Amino acid sequence: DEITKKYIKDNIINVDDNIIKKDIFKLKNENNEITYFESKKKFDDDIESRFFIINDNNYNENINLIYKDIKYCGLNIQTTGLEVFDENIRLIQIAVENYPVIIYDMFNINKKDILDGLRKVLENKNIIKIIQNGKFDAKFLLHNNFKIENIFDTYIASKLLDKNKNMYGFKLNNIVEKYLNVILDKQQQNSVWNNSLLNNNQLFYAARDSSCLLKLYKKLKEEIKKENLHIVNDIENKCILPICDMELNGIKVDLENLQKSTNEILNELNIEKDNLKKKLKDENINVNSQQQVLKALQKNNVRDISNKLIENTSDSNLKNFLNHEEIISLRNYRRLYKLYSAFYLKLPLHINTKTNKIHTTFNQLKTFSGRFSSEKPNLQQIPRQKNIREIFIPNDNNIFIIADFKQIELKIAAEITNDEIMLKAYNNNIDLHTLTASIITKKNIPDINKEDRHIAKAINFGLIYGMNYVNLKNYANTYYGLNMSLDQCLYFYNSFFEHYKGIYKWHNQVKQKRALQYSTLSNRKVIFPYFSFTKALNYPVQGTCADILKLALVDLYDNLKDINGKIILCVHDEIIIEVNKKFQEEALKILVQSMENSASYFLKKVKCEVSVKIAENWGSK
DNA sequence: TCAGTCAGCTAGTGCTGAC
DNA sequence: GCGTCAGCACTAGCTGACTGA
Ligand SMILES: Nc1nc2c(ncn2[C@H]2C[C@H](O)[C@@H](COP(=O)(O)OP(=O)(O)OP(=O)(O)O)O2)c(=O)[nH]1
Ligand SMILES: [Ca+2]
Numbered sequence: 001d002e003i004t005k006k007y008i009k010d011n012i013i014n015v016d017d018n019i020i021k023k024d025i026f027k028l029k030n031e032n033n034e035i036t042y043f044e045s046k047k048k049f050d051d052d053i054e055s056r057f058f059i060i061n062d063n064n065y066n067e068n069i070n071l072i073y074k075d076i077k078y079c080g081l082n083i084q085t086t087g088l089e090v091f092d093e094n095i096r097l098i099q100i101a102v103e104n105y106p107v108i109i110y111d112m113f114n115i116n117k118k119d120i121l122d123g124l125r126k127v128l129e130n131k132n133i134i135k136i137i138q139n140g141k142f143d144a145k146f147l148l149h150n151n152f153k154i155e156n157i158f159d160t161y162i163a164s165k166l167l168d169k170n171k172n173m174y175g176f177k178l179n180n181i182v183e184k185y186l187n188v189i190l191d192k193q194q195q196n197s198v199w200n201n202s203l204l205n206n207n208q209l210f211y212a213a214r215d216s217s218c219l220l221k222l223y224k225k226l227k228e229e230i231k232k233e234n235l236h237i238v239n240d241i242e243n244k245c246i247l248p249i250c251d252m253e254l255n256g257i258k259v260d261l262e263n264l265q266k267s268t269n270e271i272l273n274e275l276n277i278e279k280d281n282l283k284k285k286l287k288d289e290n291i292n293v294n295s296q297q298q299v300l301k302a303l304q305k306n307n308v309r310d311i312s313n314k315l316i317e318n319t320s321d322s323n324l325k326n327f328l329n330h331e332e333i334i335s336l337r338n339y340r341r342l343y344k345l346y347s348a349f350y351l352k353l354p355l356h357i358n359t360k361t362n363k364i365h366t367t368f369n370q371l372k373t374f375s376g377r378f379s380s381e382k383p384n385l386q387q388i389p390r391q392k393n394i395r396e397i398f399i400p401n402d403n404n405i406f407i408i409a410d411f412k413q414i415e416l417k418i419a420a421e422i423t424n425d426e427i428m429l430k431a432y433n434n435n436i437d438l439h440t441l442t443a444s445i446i447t448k449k450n451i452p453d454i455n456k457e458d459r460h461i462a463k464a465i466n467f468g469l470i471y472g473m474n475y476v477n478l479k480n481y482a483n484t485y486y487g488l489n490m491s492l493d494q495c496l497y498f499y500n501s502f503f504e505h506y507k508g509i510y511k512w513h514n515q516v517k518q519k520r521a522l523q524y525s526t527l528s529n530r531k532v533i534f535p536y537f538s539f540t541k542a543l544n545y546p547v548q549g550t551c552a553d554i555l556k557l558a559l560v561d562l563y564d565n566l567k568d569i570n571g572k573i574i575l576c577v578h579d580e581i582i583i584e585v586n587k588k589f590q591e592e593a594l595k596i597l598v599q600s601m602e603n604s605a606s607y608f609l610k611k612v613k614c615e616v617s618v619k620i621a622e623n624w625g626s627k
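Numbering-wise, the first sequence is residues 1 to 21, 23 to 36, 42 to 627 according to the deposited numbering.
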């Protein structure tokens, strides 16, 4: 059929006879001298539909003038699949205001003159890029030898302006329906992208989704201004890239130690399960069942010193019912089983072939409070213990520099509440976490070890964020045999909140007024459906900690290009960088300066510090 | 063949890991 | 009522298919 073969030469299949094929354009010449396919069926929307196609034999040099002397532009990238490591970019879209969208067919392109102009347009810092869900596209671009410096992703602006009311969607169609008075009609049910040949309607949608971003940017730049939400948007937009680089690299694991520890812990687990079942009075029990094990404990007459019966096996509550043989074995088995199933029996299933490294997937804003989250193998969940963390190593002749913010929260709260005592203490360079570990224990500061500091962390942050005295005493008597009276905990809670008056003022003033709008130091807003004192207290401080970490990522990413270094992980408040063995001192100094000058921006009165340790293995702090 | 007696999904829980 | 999130494993219940009626 000649009808379906209308526009084959441009690598287009005329599936639908709903198209038509050149017009004079008054472009600007390099000396500042003045010098597209369409669909037959029009759309009621005012969004752009026209577009060009740039092919190997369908290139003209003067196309580059369209991007020349520009300010903002839309960009979208459609890919064959979702695995960046084993997928190739299919299409690039560029949408200039009052211009048709421009398409580079990457499969149907073999020369490099076509691409250099787009390269230069991406490079320039002064050109702001509009990309929906920028993380995906930036991942692909950095993988395929592209370098971006500026982004303005409309998902970020939408979610920040949405004030975290509904957690779902925020796709292009939902946002376009919400803010703009347009309906994109995303009826494309993921058509065949692997095939090089593409139908016309699919490309019309591909150009439409890119073109709709420009009006969205125009309107959101006004909407963000009246809300005073520009700072957080800028920080997030500039921090999109370092997440992508960190996820592109990943962290290496030595398979020999992984397999050795797997076999050893498997043998330990089997002997432990044997001992556990033998200690229990029935052999058919499936141990992992919380309800079956609850019934088993009940029929074994396991009881507390008090008149209570086993209602749950939660570790926090389980730690009280000790001094029975079976429960020590139960807890040891639970620990080993968690370590095995969560990590060791699943980590080998995640080590990518031909790379021998793990790769994760960071969630930019899925968290309520703005922290990162990992949906793929969670590198934020790998255990603390050294013997399990050593398996992570740098590449050959490389060494890690591990920097962690020293007491990042309780520095945020100090500014947000502008308390004098906390800020003076942190000028004096004293450790609040160590002091917490010492006051509720022996008074010897030098005797406080890592575990005691770790327990101090939870109690201190909880009492800052609204924990009442009954639950605090439950926690304290659980994790350390204090056996403290209720009056002792009441006195401690009051002493803390009075010796730091600003925090008590903050609690009183946020409780007295049932405000439903809360802001972070980056003006990141939220609206709660119903008041909850704990979340209300939490959100500003944690949001500011997230903002400080994101700005630190931005500054460190900018500064690290000198030494060819690369970032591999960020978890929640620390950064790991792999740098060559010759530039260790430069890497350490750069990392400390970057973290310092990121923290000193939002916090203008407390001097943040960092614990930096040059490590051969990520486990070996 | 309808009516009464049976495997797969499927959201709900409990638990633990990090910060 | 201290917060954010992700992961592993059960097991009621709904819905669906087989043995009489
Ligand atoms: N509400 C609550 N927030 C926590 C808890 N643990 C950590 N956070 C937050 C606050 C921490 O400052 C932040 C970083 O965790 P870290 O383990 O690094 O604590 P920190 O940096 O203060 O100790 P460090 O100086 O690095 O040894 O995560 C917790 O148990 N409860
Ligand atoms: Ca830290």
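Backbone N, C-alpha and C fix where the C-beta goes; we use that ideal spot for every residue, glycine too.
Residue of the options minimising C-alpha distance to residue i
i      : options                        : result
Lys23  : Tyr497, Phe58, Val238, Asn130  : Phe58
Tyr105 : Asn483, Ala213, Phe146         : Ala213
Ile465 : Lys449, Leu416, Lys507, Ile422 : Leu416
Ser525 : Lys430, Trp624, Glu591, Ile422 : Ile422
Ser538 : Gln195, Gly472, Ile596         : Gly472
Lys21  : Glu31, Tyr7, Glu34             : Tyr7
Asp62  : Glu34, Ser295, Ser444, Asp10   : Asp10
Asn151 : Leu128, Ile509, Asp52          : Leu128
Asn139 : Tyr499, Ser216, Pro546, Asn281 : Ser216
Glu622 : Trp199, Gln297, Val259         : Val259
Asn424 : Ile12, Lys511, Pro389          : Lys511
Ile397 : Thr268, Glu332, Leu342, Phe327 : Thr268
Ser322 : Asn187, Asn477, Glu103         : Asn477
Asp111 : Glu103, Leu124, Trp624         : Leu124
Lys285 : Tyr42, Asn480, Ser335, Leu220  : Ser335
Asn239 : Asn586, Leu527, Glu2, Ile596   : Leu527
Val198 : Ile13, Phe43, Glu2             : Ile13
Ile108 : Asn313, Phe210, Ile257         : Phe210
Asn68  : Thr86, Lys27, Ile98, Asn276    : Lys27
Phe91  : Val299, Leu148, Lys344, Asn603 : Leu148
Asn156 : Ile133, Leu488, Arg520         : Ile133
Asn529 : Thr367, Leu167, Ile357         : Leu167
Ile35  : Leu609, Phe49, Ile25, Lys48    : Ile25
Cβ neighbour criterion (16 or more within 10 Å) applied to residue i
i      : result
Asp143 : buried
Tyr497 : exposed
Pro535 : exposed
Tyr506 : buried
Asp52  : exposed
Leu342 : buried
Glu317 : exposed
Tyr174 : exposed
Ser600 : buried
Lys556 : buried
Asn514 : exposed
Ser491 : exposed
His460 : exposed
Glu591 : exposed
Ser501 : exposed
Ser312 : exposed
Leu88  : exposed
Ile436 : exposed
Integer-rounded CB distance, given that residue j should sit under 8 Å from residue i
i      : j      : result
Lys531 : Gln370 : Going by Cβ atoms, the distance from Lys531 to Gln370 rounds to 17 Å, so no, they are not a contact pair.
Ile136 : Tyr223 : 5 Å
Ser55  : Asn18  : About 12 Å; that fails the 8 Å criterion.
Is it a yes or a no for the segment 610-623 touching the segment 399-412, going by three-plus beta-carbon pairs under 8 Å?
yes
Test item, CB below 7 Å from any non-hydrogen atom of ligand 1:
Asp410, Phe411, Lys412, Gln413, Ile414, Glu415, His439, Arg459, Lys463, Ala464, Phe467, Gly468, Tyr471, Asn544, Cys551, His578, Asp579, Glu580, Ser617
When you compare the segment 257-272 with the segment 349-357, are there three or more beta-carbon pairs, one atom per stretch, that lie closer than 8 Å?
yes
With contact counted as at least three CB pairs below 8 Å, one residue from each stretch, are the segment 556-575 and the segment 250-262 in contact?
Yes: at least three Cβ pairs fall under 8 Å.
Contact between the segment 184-197 and the segment 63-77 (3+ Cβ pairs under 8 Å):
no
Cβ pair count under 8 Å reaching 3, the segment 196-213 against the segment 161-174
The segment 196-213, when compared against the segment 161-174, does not touch it at the 8 Å Cβ threshold.
Would the segment 373-380 count as touching the segment 389-396 if we require 3 or more Cβ pairs under 8 Å?
no
Would the segment 359-369 and the segment 555-570 be scored as touching if the rule is three or more Cβ pairs under 8 Å?
no
With a cut-off of 8 Å, do at least 3 Cβ pairs link the segment 324-339 to the segment 277-284?
Contact between the segment 324-339 and the segment 277-284 is present, because at least three Cβ pairs lie under 8 Å.
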